[PDB]
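Laid out below as C-alpha cells are two forms of one and the same protein chain, each shown alone and named structure 1 and structure 2.
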Structure 1
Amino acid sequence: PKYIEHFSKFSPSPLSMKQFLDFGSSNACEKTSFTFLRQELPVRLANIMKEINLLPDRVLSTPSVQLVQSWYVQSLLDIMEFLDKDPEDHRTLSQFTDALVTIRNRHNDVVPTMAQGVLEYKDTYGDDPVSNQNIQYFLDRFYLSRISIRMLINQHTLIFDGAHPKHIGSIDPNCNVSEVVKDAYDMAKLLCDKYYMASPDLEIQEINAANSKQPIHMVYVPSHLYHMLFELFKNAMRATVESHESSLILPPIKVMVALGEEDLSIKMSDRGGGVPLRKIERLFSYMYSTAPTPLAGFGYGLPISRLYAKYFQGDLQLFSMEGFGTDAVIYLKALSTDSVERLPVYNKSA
C-alpha cells in the first residue's frame, strides 16, 4: 500500500510538554496545528498500520484485526484529503476539526476488539510463552501509538473550537497531584462499596523535598494520571477486602506523593495479602488478562496504565510481599522539559 508506504517512511516526531503548551497558548496557532497534524497524523497512522501488516497471516486475517485495520485505513484516507487544502480558509480548519472527531469516535471500540482477537488466538493457537511475548510486544506498541494519536487529536479539538484558559486541552500546567489521587480514590471507593458493602480508607502523605511546605503540583495530563490511580485503587481495594473476610477492620490504602529533582513518584500501598514474586509479571500480560466481572483483575487496565506512565517517559512498577501486601509506584518526570512523548518507531530492528 503506497499511501501507507509513503508516510511510513517518516518517523513520528515526539513532542515535549512545553511544545504542547505552546500549540494551545493561542487561538492564532490553529493554522500551525493543522499544517502540523495533517502531516504528523498520517505518519503515526501509517507507522502502526505497517506494523499491523507485519503480523503473521494467521493473526492478520482474523476478523478483529481486519476490522481494526479497516478503521486505520479509513482514518488515513480522511486526513490525506486535507493535504492539498489551504490553511487560510476557515472552512478548511473547521472541517479539519470535524474530521478529527469522526476519526476519534470510529476507533472508540479498539480495546475490546483487540481483546476479542487475543481470545481467539488463545483458543485457536494456544497460550504458550512465545505467543505471550509477541502479543505483549505488539499490543504495548499498538496501544502506546493509539494513546499518542489520541493525545494529538484531543489537543487540537479541545483547544480550537471557538478565551485564555488555565487548562490547555488535556494538559493541566498546575496539576494538584493529591487532588487527583483523592478523586480516583473516591470513585473506586464508590464501586467497592457497591460490590462489597465496605471499603478501605485513604491516607495521603506528601514529601516535597526541595520545599517541604508546598503542595505538590506538576505539568501533566490529569485524565491519564486519574486512569492509572483509579485502576490501581480498584486492585488495592479488591485485594484488601477479599483478604480480610474474617477481620472487622479493613487496613487503609496509603499513598505517598514524593517530589524530587527528576522524579515525581506516587506510591500506593495495600495490606491485601500480596502475591508471590513469580506471579507479578503475568498481571501485566494481555494474554493472561483475557478471558471469556470482579472489581479488578480482568481486562487491560493494569498494562494500559503502565503505558500511560511510559508515554511521557515515566514508569509503573509493582512490588509485593506475599503474606502482607503490595506497593505500586507511578514514576513521572518532575520537569516539563523532560516530559517528552514516547512513541513506538517502525525501524528495521522492529
Structure 2
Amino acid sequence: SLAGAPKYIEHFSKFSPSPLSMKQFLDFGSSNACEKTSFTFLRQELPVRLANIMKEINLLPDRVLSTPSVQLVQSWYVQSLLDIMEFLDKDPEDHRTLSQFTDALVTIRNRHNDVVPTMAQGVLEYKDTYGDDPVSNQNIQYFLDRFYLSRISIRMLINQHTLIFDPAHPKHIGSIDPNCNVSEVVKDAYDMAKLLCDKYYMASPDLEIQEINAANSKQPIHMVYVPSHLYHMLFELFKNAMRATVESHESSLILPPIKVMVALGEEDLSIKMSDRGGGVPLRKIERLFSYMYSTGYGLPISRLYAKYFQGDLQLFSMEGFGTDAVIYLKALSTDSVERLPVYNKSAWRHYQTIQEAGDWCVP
C-alpha cells in the first residue's frame, strides 16, 4: 500500500534538512499539543534527513556500494523511510497515531543500532575485495563524515521525541541538560577511562582540572549540552591520553598527570586535555581522523559530535613530549545549531573526483 521507496527518496531529497538550535530543542514542551507538533514535524523532517543521506550513498564508488555491509545499511534506511511513510495520512488528533509513531521511532533506532561498525565492515570489504585506491579513499572519507554526522542528527531527533513523550534526571529536556556541569562530565569520563587503564596497566595517570571562567572567575562552568555526547568525546580522549602516558613511561612508577583546562569565554567553551605521553609526528596526525587507517572510529566520531553543534575537536602534538587535544564548543545555546550535510549540486560535485597529479610538486 506504499509507493516504491525510490519515489519517496526522490520526493524528500528535494528538501533541505532543517537545522535546529540547542535553544529550540530546549524550548520544546511535553504536552499533547507539543506531541502532535513533534509528530507533524518529524513525519516530514525525518524523511527529509533519511532521503538526503540516502541520495549520497548512491554517489559512493561502485566498489564500495557493491559491498554486502553497505547494501545492508542501505536496506535499513529504506525500511526506516517506509516505516515513516505509513504515517503520512494519519491523524495527529488520534492518540493512537502518536503512540504508534513513538513505537515506530523506537523500532528504527534499534534497527540502526549497529550502523557504525556495519559501515566499517563495508569499508573493510571494499579493501579486501578490490584493494583500496586514493580516489575512492577520499570519497569514503568525505562521505563517512557526512553520513555519520547525519546519523547523529537523526538519533538526536528520535531520542528527543521518545524521551520527552515517553527518568534519572527530570530536569533534562530529552537528552539535553540545561545546566551541564562540564567538570563533572570530565570527571565521569576520567573515572571510566581509569578503570580500563588500571585493568590493563595496573596504573593510570592522575587527573588535574583547572577552570578559567573569564567573565565570572568564581563560578563553576555550566552550559546547555547533551552530556552523553560530551562524555563520549572526553572518554575517547582520556583513553588515548592514558595509553600514551603509561606506554611512554614503561620504566617509571611516577606517571605525569593528565591536565584538563575548562575555559569559558564570550563565545567558546573550550576543553583542553594535555598529556605527556611522548606525542606523535605531525605526519601521523591526519591518520588519526582517517576511517581508512582506522580500519577504532573513536576519534573521527568524537570530532563529529563536536562539529554537530558548531564545535570542533582538534589535536596538536609535540613529538618527544606529549599531546594537547581541544574540544571547542559553543558557549551559548543560541549559537549551538545542528550542522547537517545536505544533498545538492555542491555535495554532488565534491564526489566528482578522479586520478591525476596534484597541484604540488613531488621530487
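Residue indices: 1-based, along structure 1. By rigid core we mean the largest C-alpha set that fits within 1.5 Å across both forms.
Taking the core as reference between the two structures, the lone member of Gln74, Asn132, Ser223, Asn208 whose Cα moves by 2 Å or more is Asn132. A displacement of less than 2 angstroms separates the C-alpha positions of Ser16 between the two structures, with the rigid core held in common.
After superposing the rigid core, the C-alpha of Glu261 moves by less than 2 Å between the two structures. The two forms, fitted on the rigid core, differ between the two structures by 2 Å or more at the CA of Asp123. Superposed on the rigid core, the forms differ at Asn53: its CA is offset by 1.1 Å between the two structures. In this core superposition, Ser26 moves its Cα by 4.4 Å between the two structures.
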